[PDB]
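Positions of Cβ are generated from backbone atoms using ideal geometry, with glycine treated the same way; all protein chains shown enter the neighbour counts. FYI, it's all coordinate maths here, none of it is from the lab.
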Amino acid sequence: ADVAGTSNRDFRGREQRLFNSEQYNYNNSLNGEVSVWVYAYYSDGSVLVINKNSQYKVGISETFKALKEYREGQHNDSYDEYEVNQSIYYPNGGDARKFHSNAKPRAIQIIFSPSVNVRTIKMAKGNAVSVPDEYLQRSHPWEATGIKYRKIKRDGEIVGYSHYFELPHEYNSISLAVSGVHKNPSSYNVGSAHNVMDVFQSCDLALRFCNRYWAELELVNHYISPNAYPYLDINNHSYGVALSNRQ
Amino acid sequence: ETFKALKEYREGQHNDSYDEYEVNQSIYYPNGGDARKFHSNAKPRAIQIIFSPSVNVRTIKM
Amino acid sequence: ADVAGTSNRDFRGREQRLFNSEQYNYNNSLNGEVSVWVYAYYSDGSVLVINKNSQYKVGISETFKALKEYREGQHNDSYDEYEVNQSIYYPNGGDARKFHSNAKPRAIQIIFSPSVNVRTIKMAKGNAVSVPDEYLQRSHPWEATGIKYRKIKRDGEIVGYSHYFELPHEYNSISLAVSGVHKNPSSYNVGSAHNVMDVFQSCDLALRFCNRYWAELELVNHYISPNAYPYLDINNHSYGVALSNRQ
Amino acid sequence: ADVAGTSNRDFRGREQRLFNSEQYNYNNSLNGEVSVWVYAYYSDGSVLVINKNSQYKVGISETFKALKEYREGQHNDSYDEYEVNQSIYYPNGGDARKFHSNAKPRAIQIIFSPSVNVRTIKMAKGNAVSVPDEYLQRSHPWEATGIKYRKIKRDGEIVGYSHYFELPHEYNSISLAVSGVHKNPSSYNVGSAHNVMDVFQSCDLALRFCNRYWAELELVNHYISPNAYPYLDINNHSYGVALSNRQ
Ligand SMILES: Nc1nc2c(ncn2[C@@H]2O[C@H](COP(=O)(O)OP(=O)(O)OP(=O)(O)O)[C@@H](O)[C@H]2O)c(=O)[nH]1
Ligand SMILES: Nc1nc2c(ncn2[C@@H]2O[C@H](COP(=O)(O)OP(=O)(O)OP(=O)(O)O)[C@@H](O)[C@H]2O)c(=O)[nH]1
Ligand SMILES: Nc1nc2c(ncn2[C@@H]2O[C@H](COP(=O)(O)OP(=O)(O)OP(=O)(O)O)[C@@H](O)[C@H]2O)c(=O)[nH]1
Ligand SMILES: Nc1ncnc2c1ncn2[C@@H]1O[C@H](COP(=O)(O)OP(=O)(O)OP(=O)(O)O)[C@@H](O)[C@H]1O
Ligand SMILES: Nc1ncnc2c1ncn2[C@@H]1O[C@H](COP(=O)(O)OP(=O)(O)OP(=O)(O)O)[C@@H](O)[C@H]1O
Ligand SMILES: Nc1ncnc2c1ncn2[C@@H]1O[C@H](COP(=O)(O)OP(=O)(O)OP(=O)(O)O)[C@@H](O)[C@H]1O
Ligand SMILES: Nc1ccn([C@@H]2O[C@H](COP(=O)(O)OP(=O)(O)OP(=O)(O)O)[C@@H](O)[C@H]2O)c(=O)n1
Ligand SMILES: Nc1ccn([C@@H]2O[C@H](COP(=O)(O)OP(=O)(O)OP(=O)(O)O)[C@@H](O)[C@H]2O)c(=O)n1
Ligand SMILES: Nc1ccn([C@@H]2O[C@H](COP(=O)(O)OP(=O)(O)OP(=O)(O)O)[C@@H](O)[C@H]2O)c(=O)n1
Ligand SMILES: Nc1ccn([C@@H]2O[C@H](COP(=O)(O)OP(=O)(O)OP(=O)(O)O)[C@@H](O)[C@H]2O)c(=O)n1
Ligand SMILES: [Cl-]
Ligand SMILES: [Cl-]
Ligand SMILES: [Cl-]
Ligand SMILES: [Mg+2]
Ligand SMILES: [Mg+2]
Ligand SMILES: [Mg+2]
Ligand SMILES: [Mg+2]
Ligand SMILES: [Mg+2]
Ligand SMILES: [Mg+2]
Ligand SMILES: [Mg+2]
């Protein structure tokens, strides 16, 4: 046989490159996944991740209460935290024993898989009683925030998209939903009558994952990296795997 | 349902809830947790899916 | 001096081989130990080991209750488990909040040291109220189960004997005692009048060991291997050390 | 065929009677069980049963502490009960908050299977520090109490033997061991040299059972009756099954 790495007959090299290219391209087909992650960062350095993976479109919707830190199997000041919520829903509405709950997120990062179309991304960032813009009567139910997403890149390839915003002020008390649509450069509308019931089934088939990691390092090591997920850390370093035309 | 949601939960009884957080960490990534057991008895041993007879079987997706 | 490994004057090699042979043969003398282990395997992957080591003869006897899983320093549903025992002693006799106690053993392995005589092994596998065979009136107090023991082998040598049985069914609710006698190819009966009081003293001198390990791996690493004990794991792999005529 | 119940050719009737006779006689053979029960009765109406079943001989030995009532999975005043024991071991030796512990047995019943030889029964009824008769120096280690055992009878047959004694006084604070030997009308001594190692193995093979029932009714219904055990209740009623020459 030809010697490795010296000719066009290195079929192991050609198949390795095809194996990667096919994964990249499958994810972008209408048969592929589109995925979103919301990361809520807490002052103790822990991170709640919520992930949803589905065909055609995907999103996540959470209340103010649901994004607060919850330590499984530990004390959580649960009575005082009921009172904190009352005081956040209406000023002076509660009887809490603290000025600032350390369970409130200090920051949110939203990441989409590279199979999203960025122009379809929509976010409803509401106040603590789940209203998008001060009063229901004057609320558009979302903002199209695609222009703010940064490309997470590895070896020159877009491995995902990130929108990050800090919540450093006492008044940053939010509810949050986000949504994006899978790329579709074709003129076959996946929600047109021929396929609309498949998209209804996709609403039931979407898989969700939720967990609190103790540190960004642990999130990088045990969540992002093992699953070949995109990520951007506090030092602006990009994680992910480049696949298109690569061995 | 998530992996976590299908685990056994005994309402109003002890559920080893701290150890079970650690079991989940060890299931999400090998050697990722610090649990005090090899196998969680809260993990399902089996799943049965049943549909009503009004389903069309060719549309079922899992 | 002669060079190592090249002549009959490698006295270090001769002494190494004698050191091993003497241990093998001492254990088989009437001055040596005979040992039994009972392993009760639980559905959480943990393993109760009971070991007894004595001269002349050895055994272990346990109730249904004693073989149930007990987690030292943790919750054990101890009130519900009293009710589980009532329901196991007589059908519908208890008021438990579960159909199957996960503390019930899923399997038993009995292992004897290679100094046992296999034809002397006896087992009383009783029901949950400690009766060998349905009713006392019709019970022979034991079954001689030696024919069922497998040889645990390493490098061609018998390092011990194993009888394993699963308890996979709801009705497998047992009490258990086992017993074996140290080899004695001589015509000197160790229980004849000259030595019988020594065997009575051996009943008092027998050393017992009991502990729950969290996994078969941990049992292999920290119990079986450090002490040069025989074992057979779920994958049918044999552990032990061959000693006869070996360096 | 002949009609049932009218001739010597009712082979189903003959086999039924043989089936019962064989159980009766097997239990009395040297291959059969001999069994002892100790029942400790508490003032709350509950009953601790300890049972031992073995070939050749059988007994039970318990400390003062071990015979005290223990409610599995409930409060047991365990600190105060340590102090009660100190005050029972030596007058004014403890710092308990009660004059009389309700965990002390009010009565003991010892029952043997009908395969015991009554003349071999021995009892060591000690004081609370486990001394048979006031001081060790003057103690015979047992009393042969067979003459006091009553025959428990059903349909004319001895189904077992009972010795009962109340402990109604404040000073009735006891430790207790009992022992009996299986019948052997032969001149083959089961402990002579030919078989002595089998009797040593029987010491390891003896099966034990222990449990606290909440009432004598529950003991009758769920312990005595289902297992065809002999018993004598507080009303002097005999329980058991007659088997010899019976359908
Ligand atoms: N492309 C490129 N890579 C370099 C150069 N110097 C060092 N590198 C390293 O080499 C790696 C890329 O190597 P290759 O994948 O073999 O080169 P390629 O440009 O992808 O070409 P093909 O894989 O043959 O299509 C990068 O990760 C760089 O860190 C350079 O001049 N050009
Ligand atoms: N006996 C034997 N062992 C082999 C052979 N080939 C590889 N081995 C390995 O060598 C090991 C045994 O080596 P030795 O103990 O030196 O050979 P031996 O047969 O015991 O002979 P002595 O120790 O000199 O009595 C085994 O564990 C084998 O895995 C072979 O042909 N014969
Ligand atoms: N033996 C006997 N039993 C009676 C009499 N009257 C009523 N019985 C009842 O009948 C039962 C015994 O019946 P059987 O077992 O048929 O009589 P048996 O004397 O044992 O005779 P075989 O069984 O034929 O050997 C007892 O439980 C009594 O309650 C009587 O006069 N004699
Ligand atoms: N020394 C080099 N000269 C020319 N091209 C290079 C060199 N090193 C890498 N490249 C190529 O340039 C492209 C971009 O790779 P690069 O590693 O710069 O991007 P990245 O990992 O997305 O971002 P960065 O490394 O800047 O964080 C890839 O195709 C890569 O192989
Ligand atoms: N390649 C070989 N050819 C001949 N004899 C061998 C070879 N390898 C090992 N032996 C010898 O054969 C005997 C049996 O050793 P072996 O390792 O097969 O037994 P074991 O460890 O009890 O079982 P196994 O390895 O099959 O689980 C030993 O004396 C050993 O030294
Ligand atoms: N009416 C009767 N006349 C004659 N013999 C009887 C009668 N009833 C029973 N028997 C027989 O007398 C024997 C003794 O039975 P019985 O029921 O009197 O003894 P038990 O059950 O040990 O004691 P008890 O019934 O007095 O508590 C048995 O063989 C039985 O069949
Ligand atoms: N504003 C508050 C906060 C707490 N408490 C009281 O202090 C007790 C403990 O507080 P909690 O907030 O429930 O904290 P933990 O019990 O420590 O935590 P958890 O409930 O999560 O286990 C409560 O039962 C409640 O009586 C209160 O009166 N008023
Ligand atoms: N891997 C583990 C498991 C438990 N624990 C400790 O043991 C205590 C009790 O364990 P937990 O798993 O919370 O069980 P329970 O309290 O019995 O059950 P529950 O929490 O469901 O009421 C915990 O607070 C925790 O301190 C631990 O340190 N490490
Ligand atoms: N069949 C049952 C089981 C439990 N319980 C009640 O629930 C309480 C807790 O149950 P238990 O079985 O004792 O479990 P734990 O307290 O969790 O474990 P442990 O006792 O081993 O520490 C008990 O006090 C008892 O009141 C009950 O009424 N009936
Ligand atoms: N003579 C006694 C008896 C009890 N106590 C105290 O009261 C507490 C409770 O008593 P205890 O006898 O242990 O009863 P419970 O806790 O009710 O029962 P258990 O321990 O069996 O669960 C103990 O920790 C001990 O401090 C004491 O000081 N002196
Ligand atoms: Cl497509
Ligand atoms: Cl010897
Ligand atoms: Cl016989
Ligand atoms: Mg807990
Ligand atoms: Mg609380
Ligand atoms: Mg780079
Ligand atoms: Mg081998
Ligand atoms: Mg409890
Ligand atoms: Mg206490
Ligand atoms: Mg009668």
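Among the residues of the stretch D:59-76, the ones that are among the acidic types (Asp, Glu) and part of a strand (DSSP E or B) come to 1 in all.
With respect to the conditions (1) surrounded by fewer than 19 Cβ atoms within 10 Å (Cβ to Cβ); (2) more than 8 Å from every other protein chain (Cβ to nearest Cβ), C:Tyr42 lacks only one, and its number is (1). Here is the figure for the stretch A:21-53: residues that are closer than 30 Å to B:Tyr21 by Cβ and either within 16 Å of ligand 19 (Cβ to nearest atom) or among the hydroxyl-bearing types (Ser, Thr, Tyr) (or both) total 6.
Can C:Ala177 be described as at the interface with chain D (Cβ under 10 Å from one of its Cβ atoms), under 30 Å from C:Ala242 (Cα atoms) and of a type in the set (A, V, I, L, M)? Yes: the conditions hold for C:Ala177.
Look at (1) part of a helix (DSSP H, G or I); (2) more than 14 Å from chain D (Cβ to nearest Cβ) and you find that C:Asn211 fails only one, number (1). Looking across the stretch A:66-85, just one residue is in contact with a helix residue (DSSP H, G or I) (Cβ under 8 Å, 6 or more places away or on another chain) and closer than 14 Å to A:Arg106 by Cα, and that is A:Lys68.
Conditions (1) in contact with a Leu (Cβ under 6 Å, 6 or more places away or on another chain); (2) touching a residue at least 40 places away in the same chain (Cβ under 8 Å); (3) within 17 Å of A:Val181 (Cβ to Cβ), marked per residue:
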residue	(1), (2), (3)
A:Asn8	no, no, no
A:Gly32	no, yes, yes
A:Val47	yes, yes, no
A:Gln55	no, yes, yes
A:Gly59	no, yes, yes
A:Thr63	no, yes, no
A:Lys68	no, no, no
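Would you point out the residue of the stretch C:165-194, among those that are in contact with a strand residue (DSSP E or B) (Cβ under 6 Å, 6 or more places away or on another chain) and charged (D, E, K, R), that is farthest from ligand 12 (Cβ to nearest atom)? Filtering first and then ranking leaves C:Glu166. Is it the case that some residue within the stretch A:216-234 is over 20 Å from A:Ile50 (Cα atoms) and in contact (Cβ under 8 Å) with a residue 60 or more places away in the chain? Checked against the condition, which is being over 20 Å from A:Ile50 (Cα atoms) and in contact (Cβ under 8 Å) with a residue 60 or more places away in the chain, the stretch A:216-234 yields no hits at all.
Limited to the stretch D:29-60, what total is found for residues that are closer than 13 Å to D:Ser115 by Cβ and touching a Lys or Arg at 6+ places or on another chain (Cβ under 6 Å)?
Final tally of qualifying residues: 2.
Out of D:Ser202, D:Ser238, D:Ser244, D:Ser225, one residue alone is more than 16 Å from ligand 18 (Cβ to nearest atom), within 17 Å of the chain's Cα centre (by Cα) and within 12 Å of chain C (Cβ to nearest Cβ). It is D:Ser225.
Exactly one residue out of C:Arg150, C:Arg154 is within 16 Å of ligand 2 (Cβ to nearest atom) and not aliphatic (A, V, I, L, M): that is C:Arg154. Out of C:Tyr56, C:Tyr82, C:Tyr149, one residue alone is among the aromatic types (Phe, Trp, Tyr) and under 30 Å from B:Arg10 (Cα atoms). It is C:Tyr82.
Residues that are among the aromatic types (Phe, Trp, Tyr) and within 19 Å of the chain's Cα centre (by Cα) do not occur anywhere in the stretch D:188-196.
Test of understanding: among A:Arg97, A:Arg119, which residue is under 30 Å from A:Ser21 (Cα atoms) and not small (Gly, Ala, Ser)?
When all the criteria are applied, what remains is A:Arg119.
With respect to the stated conditions, C:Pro132 fails to be within 26 Å of B:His39 (Cα to Cα) and out of contact with any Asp or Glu (no Cβ under 7 Å at 6 or more places or on another chain). Checking A:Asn92 against (1) within 30 Å of A:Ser244 (Cα to Cα); (2) out of contact with any strand residue (DSSP E or B) (no Cβ under 9 Å at 6 or more places or on another chain), only one condition comes out false. Which one? The number of the failed condition is (1).
Between B:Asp34, B:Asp19, the distinction of being more than 16 Å from ligand 18 (Cβ to nearest atom), within 14 Å of chain A (Cβ to nearest Cβ), in a loop (DSSP other than H, G, I, E, B) and surrounded by 11 or more Cβ atoms within 10 Å (Cβ to Cβ) belongs to B:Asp34 only.
Check whether at least one residue in the stretch C:123-138 is over 30 Å from D:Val159 (Cβ atoms) and more than 9 Å from every other protein chain (Cβ to nearest Cβ), and report yes or no. No, the stretch C:123-138 contains no residue that is over 30 Å from D:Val159 (Cβ atoms) and more than 9 Å from every other protein chain (Cβ to nearest Cβ). Among residues of the stretch C:214-247 being out of contact with any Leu (no Cβ under 7 Å at 6 or more places or on another chain) and among the polar types (S, T, N, Q), the one that is surrounded by the most Cβ atoms within 10 Å (Cβ to Cβ) is C:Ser244. Taking the stretch C:140-171 as the range and being closer than 18 Å to C:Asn102 by Cα and in contact (Cβ under 8 Å) with a residue 60 or more places away in the chain as the test, the residues that pass are C:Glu166, C:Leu167, C:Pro168, C:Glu170. As for the stretch D:50-71, it holds no residue that is over 14 Å from D:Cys210 (Cβ atoms), more than 20 Å from the chain's Cα centre (by Cα) and more than 10 Å from chain C (Cβ to nearest Cβ).
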